[PDB]
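Q: Here you go, one structure.
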Amino acid sequence: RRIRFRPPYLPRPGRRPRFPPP
Amino acid sequence: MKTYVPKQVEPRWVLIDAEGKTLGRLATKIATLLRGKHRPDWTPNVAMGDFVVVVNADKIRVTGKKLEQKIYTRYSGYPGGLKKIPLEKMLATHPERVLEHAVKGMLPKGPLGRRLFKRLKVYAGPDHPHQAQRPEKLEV
Amino acid sequence: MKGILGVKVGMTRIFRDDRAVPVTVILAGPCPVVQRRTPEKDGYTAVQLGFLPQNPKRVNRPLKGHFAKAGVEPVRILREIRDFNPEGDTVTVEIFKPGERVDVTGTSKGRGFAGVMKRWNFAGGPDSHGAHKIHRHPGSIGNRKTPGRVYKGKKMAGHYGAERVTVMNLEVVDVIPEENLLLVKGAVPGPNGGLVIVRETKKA
Amino acid sequence: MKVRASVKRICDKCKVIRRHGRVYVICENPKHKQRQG
Amino acid sequence: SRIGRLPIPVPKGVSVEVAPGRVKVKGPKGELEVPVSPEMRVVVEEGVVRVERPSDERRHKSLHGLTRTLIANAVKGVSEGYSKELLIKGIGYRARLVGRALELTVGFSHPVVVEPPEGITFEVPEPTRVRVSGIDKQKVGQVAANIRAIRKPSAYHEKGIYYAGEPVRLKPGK
RNA sequence: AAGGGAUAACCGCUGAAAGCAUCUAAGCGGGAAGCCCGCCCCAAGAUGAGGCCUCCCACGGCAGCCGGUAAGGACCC
RNA sequence: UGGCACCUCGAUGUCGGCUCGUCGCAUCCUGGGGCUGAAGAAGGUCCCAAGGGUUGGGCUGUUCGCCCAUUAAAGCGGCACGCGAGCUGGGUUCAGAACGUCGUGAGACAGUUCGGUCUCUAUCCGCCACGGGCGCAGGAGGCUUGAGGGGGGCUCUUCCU
Ligand SMILES: [Mg+2]
Ligand SMILES: [Mg+2]
Ligand SMILES: [Mg+2]
Ligand SMILES: [Mg+2]
Ligand SMILES: [Mg+2]
Ligand SMILES: [Mg+2]
Ligand SMILES: [Mg+2]
Ligand SMILES: [Mg+2]
Ligand SMILES: [Mg+2]
Ligand SMILES: [Mg+2]
Ligand SMILES: [Mg+2]
Ligand SMILES: [Mg+2]
Ligand SMILES: [Mg+2]
Ligand SMILES: [Mg+2]
Ligand SMILES: [Mg+2]
Ligand SMILES: [Mg+2]
Ligand SMILES: [Mg+2]
Ligand SMILES: [Mg+2]
Ligand SMILES: [Mg+2]
Ligand SMILES: [Mg+2]
Ligand SMILES: [Mg+2]
Ligand SMILES: [Mg+2]
Ligand SMILES: [Mg+2]
Ligand SMILES: [Mg+2]
Ligand SMILES: [Mg+2]
Ligand SMILES: [Mg+2]
Ligand SMILES: [Mg+2]
Ligand SMILES: [Mg+2]
Ligand SMILES: [Mg+2]
Ligand SMILES: [Mg+2]
Ligand SMILES: [Mg+2]
Ligand SMILES: [Mg+2]
Ligand SMILES: [Mg+2]
Ligand SMILES: [Mg+2]
Ligand SMILES: [Mg+2]
Ligand SMILES: [Mg+2]
Ligand SMILES: [Mg+2]
Ligand SMILES: [Mg+2]
Ligand SMILES: [Mg+2]
Ligand SMILES: [Mg+2]
Ligand SMILES: [Mg+2]
Ligand SMILES: [Mg+2]
Ligand SMILES: [Mg+2]
Ligand SMILES: [Mg+2]
Ligand SMILES: [Mg+2]
Ligand SMILES: [Mg+2]
Ligand SMILES: [Mg+2]
Ligand SMILES: [Mg+2]
Ligand SMILES: [Mg+2]
Ligand SMILES: [Mg+2]
Ligand SMILES: [Mg+2]
Ligand SMILES: [Mg+2]
Ligand SMILES: [Mg+2]
Ligand SMILES: [Mg+2]
Ligand SMILES: [Mg+2]
Ligand SMILES: [Mg+2]
Ligand SMILES: [Mg+2]
Ligand SMILES: [Mg+2]
Ligand SMILES: [Mg+2]
Ligand SMILES: [Mg+2]
Ligand SMILES: [Mg+2]
Ligand SMILES: [Mg+2]
Ligand SMILES: [Mg+2]
Ligand SMILES: [Mg+2]
Ligand SMILES: [Mg+2]
Ligand SMILES: [Mg+2]
Ligand SMILES: [Mg+2]
Ligand SMILES: [Mg+2]
Ligand SMILES: [Mg+2]
Ligand SMILES: [Mg+2]
Ligand SMILES: [Mg+2]
Ligand SMILES: [Mg+2]
Ligand SMILES: [Mg+2]
Ligand SMILES: [Mg+2]
Ligand SMILES: [Mg+2]
Ligand SMILES: [Mg+2]
Ligand SMILES: [Mg+2]
Ligand SMILES: [Mg+2]
Ligand SMILES: [Mg+2]
Ligand SMILES: [Mg+2]
Ligand SMILES: [Mg+2]
Ligand SMILES: [Mg+2]
Ligand SMILES: [Mg+2]
Ligand SMILES: [Mg+2]
Ligand SMILES: [Mg+2]
Ligand SMILES: [Mg+2]
Ligand SMILES: [Mg+2]
Ligand SMILES: [Mg+2]
Ligand SMILES: [Mg+2]
Ligand SMILES: [Mg+2]
Ligand SMILES: [Mg+2]
Ligand SMILES: [Mg+2]
Ligand SMILES: [Mg+2]
Ligand SMILES: [Mg+2]
Ligand SMILES: [Mg+2]
Ligand SMILES: [Mg+2]
Ligand SMILES: [Mg+2]
Ligand SMILES: [Mg+2]
Ligand SMILES: [Zn+2]
């Protein structure tokens, strides 16, 4: 049980797909 | 000149009265009989040792407080599945396991070591079924 | 330590001292003894009982012979009661007397491939508030990297039922020897028609 | 029974006993009975 | 200072034959086998049994005295006999004899009946006095102990099963 | 659960070293929802592959192969 | 709570909840005890004990906490502060908007506020189930021993005395 509030290290997914490539 | 290797040899059946013998120290000897390492033609890659019959295992002997304190242990694979069974109880329920489990541990691991174990025939009480093999008595 | 083969026929209830008594009815006798197990010969003690008659046209030769040797006409089913040596060469329901208490084994109804909820009364999912396609799913099954694996016996969906269940300490409410009927109070594994075993109870 | 890592006599009547690989202190006054732990 | 060295008077006529690991003591009250260390030597002189330690090593000095007393006791037992008396104090409490056996009445919702083990004789002179009589010292003090335990002496009241010659030490209650 | 058994802390019987005392060094008791067993279920791949009952049997040609069977078995319904 | 900066920045998804649990014991309860400034009942304190148990509701994202009604008890902790290829997404990382504050300004805040895309397909190990094959020195049909495992293990009220 940790008090010092634990910030996220990561952004909640997610934005966009690299569609397409052809 | 290449080292000698035995052709197939017919294995000697040896018999040992365990009564009153110091468990572990009997155990090392049985292993050497088992591996074949008393034989001058010993070869590490084949079952060329003796068949050892032990009798009177119930009457194995042991130093210190091991009767009450040595704990044989079995793991089931389940949660909370460690079984701790103390030497007293073991002898009290499957006395032949005591010497067996001692000897097992002092043979090699591997397939051959496992086969060597199969050549150890251990019994509680004075008598054993291998009359057919006319086992040779050993004092060790 | 008596026992007997029998088929489950059904339930009703009877009235006894102004009370409804749910009962299962079991056709028990008559079961001819067809082998005995002895410590000299077998290493332990029990009767092999036969039960329900069989068309000898269906009895293969190895079996016909076993029956033969025991001087007994063919039977559908053979099952041993353990540590029981009846005086006679036939066990019937007479060996139970109303008021005795017994245990009954039978084979439970199959439920087939059952989910975690029917099998193990898991709590399943929410059905709203956002629950995404998990409403009868088992939830988590594990930890993380430690221990990084799943327990043996982790409760899970699988086959369920069509197993041996022994239900214990049921009251014999009545026995009807004219018909080989046993009325045990309460409920017994298996479908009406299932085969059951009735043994004298161990709970004391 | 007092249980501690210092068991000693308390009164003149106290008596240190060593019993089954443990050090107790028995005495006629029950308050003084000690085991070590 | 020494118990092993003191000799054991053997009254006429109790037999004391010695075998390895035991001495057998027979007398007018019956017999008793005494298990004894192989390490000690039990010596039978005229109407005296003596015991001898092999050295002055700690184990032996300890084994020494114990051995004497055990044989010494066995002797006294098969001759004189051994006993402990139990007093019963407390108001409603009293004991009577049922056949061979002891029935205790001590404040419970029931009596407590006590079986004589092999070799023990219960005797209830008054109803508030019980006598544990036997040939085995150890066995007697045992059964005695047991009976007493059925209702120990209270800490506040003179009440419960007492040993004859047991000090009534009580404490205040308010 | 009952019940049996062995134990924990704890309480003891007998008892020296240490003439007294000591539950301990010899030995013996009592003592937990806990431990072993007992209950219920699985289980001989328990390759250490167990046991009992019954059935078939010495079939043709050159610890091997081929063919027709035996007791049984599978296929199909 | 920190220190350090050792794998991992060609990604180890992070609060809380839900679900499923499993373990430790420094035990909340229930069993067994010693001492008590223990008359009784009740309770203090320590020892043994992890088998089982350990409630429902209001507040708030909250964990925590407070509170209501109970209770034998309403235990504390570990498992990537267990568990997002299991769900959630209330909270804390983006883009919008506003308040207080700071900045001339663009903007900013371990402040506040409303809103804000969570990915059908399991190769392997692991797990739950079910078969196929071969083996168990002759081939067969039945019936079994149980090595070894697994399951279970709670507790209250009243009355008699
Ligand atoms: Mg040699
Ligand atoms: Mg070589
Ligand atoms: Mg055995
Ligand atoms: Mg190696
Ligand atoms: Mg059945
Ligand atoms: Mg179905
Ligand atoms: Mg399901
Ligand atoms: Mg269910
Ligand atoms: Mg349901
Ligand atoms: Mg629910
Ligand atoms: Mg639901
Ligand atoms: Mg919902
Ligand atoms: Mg969604
Ligand atoms: Mg849905
Ligand atoms: Mg691992
Ligand atoms: Mg099925
Ligand atoms: Mg009727
Ligand atoms: Mg039905
Ligand atoms: Mg101090
Ligand atoms: Mg002093
Ligand atoms: Mg004293
Ligand atoms: Mg003399
Ligand atoms: Mg001399
Ligand atoms: Mg019990
Ligand atoms: Mg006992
Ligand atoms: Mg004494
Ligand atoms: Mg002194
Ligand atoms: Mg001792
Ligand atoms: Mg005992
Ligand atoms: Mg003891
Ligand atoms: Mg006692
Ligand atoms: Mg219980
Ligand atoms: Mg089976
Ligand atoms: Mg079975
Ligand atoms: Mg088999
Ligand atoms: Mg194995
Ligand atoms: Mg077989
Ligand atoms: Mg740090
Ligand atoms: Mg680094
Ligand atoms: Mg870092
Ligand atoms: Mg780092
Ligand atoms: Mg990184
Ligand atoms: Mg990559
Ligand atoms: Mg990578
Ligand atoms: Mg990646
Ligand atoms: Mg990962
Ligand atoms: Mg992940
Ligand atoms: Mg937990
Ligand atoms: Mg735990
Ligand atoms: Mg503790
Ligand atoms: Mg308590
Ligand atoms: Mg207390
Ligand atoms: Mg009180
Ligand atoms: Mg008071
Ligand atoms: Mg008071
Ligand atoms: Mg204490
Ligand atoms: Mg204590
Ligand atoms: Mg617990
Ligand atoms: Mg727990
Ligand atoms: Mg709430
Ligand atoms: Mg409301
Ligand atoms: Mg809250
Ligand atoms: Mg709200
Ligand atoms: Mg907030
Ligand atoms: Mg708060
Ligand atoms: Mg209370
Ligand atoms: Mg709560
Ligand atoms: Mg995580
Ligand atoms: Mg956690
Ligand atoms: Mg987490
Ligand atoms: Mg998580
Ligand atoms: Mg997710
Ligand atoms: Mg989460
Ligand atoms: Mg995950
Ligand atoms: Mg993952
Ligand atoms: Mg899920
Ligand atoms: Mg919000
Ligand atoms: Mg949000
Ligand atoms: Mg925004
Ligand atoms: Mg605003
Ligand atoms: Mg402003
Ligand atoms: Mg500011
Ligand atoms: Mg400004
Ligand atoms: Mg300004
Ligand atoms: Mg910045
Ligand atoms: Mg909206
Ligand atoms: Mg927001
Ligand atoms: Mg997702
Ligand atoms: Mg979604
Ligand atoms: Mg796919
Ligand atoms: Mg796969
Ligand atoms: Mg893998
Ligand atoms: Mg198979
Ligand atoms: Mg198959
Ligand atoms: Mg069949
Ligand atoms: Mg057998
Ligand atoms: Mg078993
Ligand atoms: Mg295995
Ligand atoms: Zn003192």
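According to its header, the structure was obtained by X-ray crystallography, 3.2 Å.
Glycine is treated like the rest: Cβ placed from N, Cα and C.
Pulled these features from Swiss-Prot for this protein:
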BINDING   D:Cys11, D:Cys14, D:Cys27, D:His32  Zn(2+) binding site
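Burial and contacts for the listed features, if you can.
A: For D:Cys27 (Zn(2+) binding site), the number of other Cβ atoms no farther than 10 Å from its own Cβ, over all displayed protein chains, is 19. Look at D:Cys27 (Zn(2+) binding site): DSSP puts it in coil.
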Q: Let me spell it out: for each of the binding-site residues (D:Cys11, D:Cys14), count the other Cβ atoms within 10 Å of that residue's Cβ, using every protein chain shown. Which one has the most?
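A: Its Cβ has the most other Cβ atoms within 10 Å: D:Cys14.
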Q: Around the Zn(2+) site formed by D:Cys11, D:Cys14, D:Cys27, D:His32, which additional residues qualify by having Cβ within 8 Å of the site's Cβ center?
A: D:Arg9, D:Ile10, D:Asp12, D:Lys13, D:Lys15, D:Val25, D:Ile26, D:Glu28, D:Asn29, D:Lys31, D:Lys33
Q: Three-state secondary structure of D:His32 (Zn(2+) binding site) from DSSP?
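A: The residue in question, D:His32 (Zn(2+) binding site), is helix (DSSP, three-state).
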Q: If you draw a 10 Å sphere around the Cβ of D:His32 (Zn(2+) binding site), how many other Cβ atoms fall inside it, taking every protein chain shown into account?
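A: Result for D:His32 (Zn(2+) binding site): 19 other Cβ atoms within 10 Å.
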